[PDB]
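If you're matching them up, the sequences are chains B and A in order. So for the first sequence, the authors' numbering puts the first residue at 773; every next one is plus one. Read in order, the letters of the second sequence are residues 22 to 233, 236 to 429, 437 to 474 in the authors' numbering. See below for the structure under consideration.
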Amino acid sequence: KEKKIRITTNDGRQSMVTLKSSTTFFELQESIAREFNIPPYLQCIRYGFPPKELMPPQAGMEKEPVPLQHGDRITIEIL
Amino acid sequence: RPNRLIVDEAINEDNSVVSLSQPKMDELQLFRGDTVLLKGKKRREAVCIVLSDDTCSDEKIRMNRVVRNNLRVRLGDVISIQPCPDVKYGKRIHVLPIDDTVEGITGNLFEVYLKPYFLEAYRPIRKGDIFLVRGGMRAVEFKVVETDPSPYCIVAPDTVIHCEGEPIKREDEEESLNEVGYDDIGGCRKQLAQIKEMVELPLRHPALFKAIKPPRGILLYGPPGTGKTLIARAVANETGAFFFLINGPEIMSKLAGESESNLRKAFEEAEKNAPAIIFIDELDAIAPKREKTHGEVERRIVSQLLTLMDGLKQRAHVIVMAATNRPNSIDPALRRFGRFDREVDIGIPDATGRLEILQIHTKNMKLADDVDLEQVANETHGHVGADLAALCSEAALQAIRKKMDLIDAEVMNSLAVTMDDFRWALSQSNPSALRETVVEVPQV
């Protein structure tokens, strides 16, 4: 009942984050805003290899936990 | 040391992914998608990306052929892996092709191979690395001559890639990926694993057998065209053992006395390059059943082969393997203990095996979305690996002839093989082993 996610930004500020199994896109957005000054609307999320894009869920299916798994890294983009 | 890991083959076909077991990943504190700086034998450094793999031993680290060659490392070696967070988005990266793989292909090697390969995947790159890009039914090599952050770099959409032509010659140290590897053989996964367990240790660590017997004769038998020669070449290349092919027809062609001398000198040369593998292709051509032979010179050559195989005993680190169609095809007294004491049955690939062979032989080809290798693999009943390769080549030729009515690498990559072409090739398949006994694990 937890997740351990590395956050790496193109800026170079590497960081660690603790998540929970039930997590929505807004939770990660606000966590990133807390850890880094990047606004939640100026971050484009790439994860995996090839890095799939993780955009905010559209209307209808934004309640379920984000498919992010425990033990992977997330790349952060700055607009 | 935890960072020390034993290399292994990679299921993930991606060129820049290193697969690890999740226990080892967490033990190393390595997060999926992070860069890792593998250390090779001769101070070779390879920057790759780590991905968890459930089917992987903690010590085992799975790598692609390209990564192995970049590190000058073979399966079973030990490599050092640590995280390398200090990776920058290099801007100026100078990359060149390799002449041996860009002969006869024109057009800029960008927007054809390099651009789709990089695109936005953020593939890590290090100075001096060699990577393989598949396209236009050709596997083009590329050497990373320079990177803006020396030496480690990660490509970015805004990264500027320079490909000024002038293909560079292959340095002898580099081992061309055009050479056969364990990933070039499909269908016979079980038989390949058997051959591995049989021959890896004697070839990789001859000193151990020198101290503490080793297998000296392996007889690979099965319908022709199943890649027995392919298997032997793959085993020799992967284990870094000198390979010597002795084609039966080649020996029989030589006149009496010439052939026996040729065989003896081949065996001696293989011995002097120990560890080495001698492949006696089409053994039935050299040593057929006793009744079949009706010539003094033929019996003399068979006896000479027996004498050499016996003389291997006082020799060491030399493994002789041969290809046939059935053990009874070759005469007895060749399977006697010692000389050719071990046997292996390549057999006919099964549905999954045929699918794997098709995937192997269609790597370079660009096949449309409607092409589903599963359906064809089901359709191709009683097909040998050679038959599947010929079928893929026929489909490619069909596509090429269709497009010709309407060589530039852009044109080659533009054409895509369609399921209709594969169906037509099936209609012209002409299987070669439709009568052989079917052995497999039923899918029912």
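C-beta atoms are modelled at their ideal positions from N, C-alpha and C, and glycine is treated no differently.
key: Interface partners of A/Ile182 on chain B, CB under 8 angstroms   = In the second sequence, counting from the first residue as 1, residue 182 of chain A sits at position 161. Simply none; closest approach about 18 angstroms.
message = Does the CB of A/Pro170 have a neighbour CB from chain B at under 8 angstroms?
response = Taking the second sequence and counting its residues from 1, the one referred to as residue 170 of chain A is at position 149. No, A/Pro170 lies away from the interface with chain B (no Cβ there is under 8 angstroms from its Cβ).
ask   = Residue range of the alpha helix (DSSP H) that A/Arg256 falls in?
value = On the second sequence, position 233 is the one that residue 256 of chain A refers to. Element bounds for A/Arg256: 251 to 261.
key: Per-residue DSSP class, three states only, for A/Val367   = Translated into the one-based positions of the second sequence, residue 367 of chain A becomes position 344. Strand.
ask   = When you compare each of A/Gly125, A/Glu470, A/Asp169, A/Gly128 to A/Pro145 by their alpha carbons, which one comes out closest?
value = For this step, residue 145 of chain A is matched to residue 124 along the second sequence. Taking only the C-alpha atoms, the option nearest A/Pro145 is A/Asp169.
inquiry  = Determine, for B/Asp783, whether the minimum Cβ-Cβ distance to residues of chain A falls below 8 angstroms.
reply    = Taking the first sequence and counting its residues from 1, one reaches residue 783 of chain B at position 11. So no, B/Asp783 is outside the interface.
ask   = Quick one: any contact between the stretch 63 to 75 of chain A and the stretch 176 to 187 of chain A, if contact means 3 or more CB pairs under 8 angstroms?
value = The answer is no - the stretch 176 to 187 of chain A does not touch the stretch 63 to 75 of chain A, with fewer than three Cβ pairs under 8 angstroms.
key: Inter-residue Cα distance where the pair is A/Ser276 and A/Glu283   = Numbered from its first residue, the second sequence carries residue 276 of chain A at position 253. Numbered from its first residue, the second sequence carries residue 283 of chain A at position 260. Between A/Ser276 and A/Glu283, the C-alpha separation is close to 11 angstroms.
ask   = Quick one: Cα of A/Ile189 to Cα of B/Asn782, how far?
value = Mapped onto the second sequence, residue 189 of chain A falls at position 168. Mapped onto the first sequence, residue 782 of chain B falls at position 10. If I take the Cα positions, the gap works out to 33 angstroms.
Validate contact between the stretch 364 to 380 of chain A and the stretch 329 to 343 of chain A using beta carbons, cut 8 angstroms, 3 pairs = Not touching, per the Cβ criterion.
task = Would you please verify whether the beta carbon of B/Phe797 is less than 8 angstroms from any beta carbon of chain A?
result = Taking the first sequence and counting its residues from 1, the one referred to as residue 797 of chain B is at position 25. Judged by the 8 angstroms Cβ criterion, B/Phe797 is not in contact with chain A.
query = Does any CB atom of chain B fall closer than 8 angstroms to the CB of A/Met46?
reply = On the second sequence, position 25 is the one that residue 46 of chain A refers to. Interface residue, yes.
message = Looking at the secondary structure, which residues open and close the alpha helix (DSSP H) in which A/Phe452 lies?
response = In the second sequence, residue 452 of chain A corresponds to position 422, counting from 1. That run of the alpha helix (DSSP H) goes 449 to 457.
key: Contacts around A/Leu328, its chain only, beta-carbon distance under 7 angstroms, and the 5 residues preceding and following it disregarded   = For the purposes of this step, residue 328 of chain A is taken as the residue at position 305 of the second sequence. Excluding residues up to 5 positions away in sequence, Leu286, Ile309, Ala310 lie with their Cβ nearer than 7 angstroms to the Cβ of A/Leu328 in the same chain.
query = Of all Cβ atoms in chain A, is any one closer than 8 angstroms to the Cβ of B/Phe821?
reply = The residue given as residue 821 of chain B occupies position 49 in the first sequence. Output row for B/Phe821: interface = yes.
ask   = Ordered along the chain, which non-local residues of its own chain (more than five positions away) have a Cβ less than 6 angstroms from that of A/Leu306?
value = The residue you call residue 306 of chain A lines up with position 283 of the second sequence. Within the same chain, A/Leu306 has close Cβ partners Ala345, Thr347, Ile353.
ask   = Looking at the C-beta of A/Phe139, does it have a partner C-beta in chain B at a distance below 8 angstroms?
value = Locating residue 139 of chain A in the second sequence gives position 118, counting from the first residue. Contact of A/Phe139 with chain B is not assigned, every C-beta pair being separated by 8 angstroms or more.
message = Is it buried or exposed, A/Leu464, if we count other Cβ atoms within 10 angstroms and call 16 or more buried?
response = Position 434 of the second sequence, counted from the first residue, corresponds to residue 464 of chain A. Exposed, by the Cβ-count rule.
inquiry  = Using a Cβ distance threshold of 8 angstroms, determine whether the stretch 257 to 276 of chain A contacts the stretch 188 to 203 of chain A, with at least three qualifying pairs required.
reply    = Contact between the stretch 257 to 276 of chain A and the stretch 188 to 203 of chain A is present, because at least three Cβ pairs lie under 8 angstroms.
inquiry  = Helix, strand or coil, according to DSSP, for A/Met344 in the structure here?
reply    = Taking the second sequence and counting its residues from 1, the one referred to as residue 344 of chain A is at position 321. Strand at A/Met344.
query = From the DSSP output, which residues share a beta bridge with A/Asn270?
reply = The sequence position of residue 270 of chain A within the second sequence is 247, counting from 1. BP columns for A/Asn270 point to A/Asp304.
ask   = Is A/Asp304 near the ligand MN, with its Cβ less than 7 angstroms from a heavy atom?
value = What this structure holds is no ligand at all, so the ligand MN is not there to describe.
key: Nearest neighbour of A/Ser42, chosen from A/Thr122, A/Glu30, A/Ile70, A/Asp75 [CA to CA]   = As a first step, residue 42 of chain A must be located in the second sequence, where it is residue number 21. Out of A/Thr122, A/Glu30, A/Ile70, A/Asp75, A/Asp75 has the C-alpha closest to the C-alpha of A/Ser42.
request  = Sort A/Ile32, A/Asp120, A/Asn90 by Cα distance to A/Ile383 and report the nearest one.
outcome  = Here residue 383 of chain A refers to the residue found at position 360 of the second sequence. When each option's Cα is compared against that of A/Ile383, the closest is A/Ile32.
query = Measuring CB to CB, does A/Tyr134 end up less than 8 angstroms from A/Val165?
reply = Here the question's residue 134 of chain A lines up with position 113 in the second sequence. Here the question's residue 165 of chain A lines up with position 144 in the second sequence. A/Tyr134 is not a Cβ neighbour of A/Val165, given a cutoff of 8 angstroms.
ask   = Anyone know if the C-beta pair for A/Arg358 and A/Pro350 falls short of 8 angstroms?
value = The residue labelled residue 358 of chain A in the question sits at position 335 within the second sequence. The residue labelled residue 350 of chain A in the question sits at position 327 within the second sequence. For A/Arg358 and A/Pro350, yes; Cβs fall inside 8 angstroms.
key: Length-filtered (4 minimum) alpha helix (DSSP H) runs lying within the stretch 112 to 150 of chain A   = For the stretch 112 to 150 of chain A, whole alpha helix (DSSP H) runs of length 4 or above, ordered along the chain, are 135 to 139.
A/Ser326, enclosing alpha helix (DSSP H) - first and last residue = To locate residue 326 of chain A, count along the second sequence from 1; it is residue 303. Membership of A/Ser326 in the alpha helix (DSSP H) is indicated by the continuous run 319 to 334.
ask   = Start and end of the beta strand (DSSP E) containing A/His183?
value = In the second sequence, residue 183 of chain A corresponds to position 162, counting from 1. First-last of the beta strand (DSSP E) with A/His183: 181 to 183.
task = Using beta-carbon positions only, say whether B/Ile848 and B/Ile777 come within less than 8 angstroms of one another.
result = In the first sequence, counting from the first residue as 1, residue 848 of chain B sits at position 76. In the first sequence, counting from the first residue as 1, residue 777 of chain B sits at position 5. No, the Cβ-Cβ distance between B/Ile848 and B/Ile777 is not below 8 angstroms.
ask   = Quick one: Cα of A/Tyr173 to Cα of A/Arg113, how far?
value = The residue labelled residue 173 of chain A in the question sits at position 152 within the second sequence. The residue labelled residue 113 of chain A in the question sits at position 92 within the second sequence. Rounded to the nearest angstrom, the gap between the Cα atoms of A/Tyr173 and A/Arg113 is 12 angstroms.
ask   = What whole-angstrom Cβ distance do A/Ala418 and A/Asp451 have, given they're in contact under 8 angstroms?
value = Your numbering for residue 418 of chain A matches position 395 in the second sequence. Your numbering for residue 451 of chain A matches position 421 in the second sequence. Confirmed, about 4 angstroms.
request  = Taking 8 angstroms as the threshold, find out whether the stretch 125 to 133 of chain A comes into contact with the stretch 86 to 105 of chain A through three or more Cβ pairs.
outcome  = Result no; under three Cβ-Cβ pairs closer than 8 angstroms.
query = Can you name, in chain order, every residue of its own chain whose Cβ lies under 6 angstroms from the Cβ of B/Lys773, other than the five neighbours on each side?
reply = For the purposes of this step, residue 773 of chain B is taken as the residue at position 1 of the first sequence. Closer than 6 angstroms at Cβ, skipping near neighbours: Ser793.
message = Against A/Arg147, what residues of chain B qualify as contacts under a CB-to-CB distance less than 8 angstroms, listed in chain order?
response = Along the second sequence, read from residue 1 onward, the residue named residue 147 of chain A stands at position 126. The CB of A/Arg147 never comes closer than 8 angstroms to any CB in chain B; the least such distance is about 17 angstroms.
inquiry  = Please classify A/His340 as buried or exposed, where buried requires at least 16 other C-beta atoms within 10 Å of its C-beta.
reply    = To locate residue 340 of chain A, count along the second sequence from 1; it is residue 317. It counts as buried.
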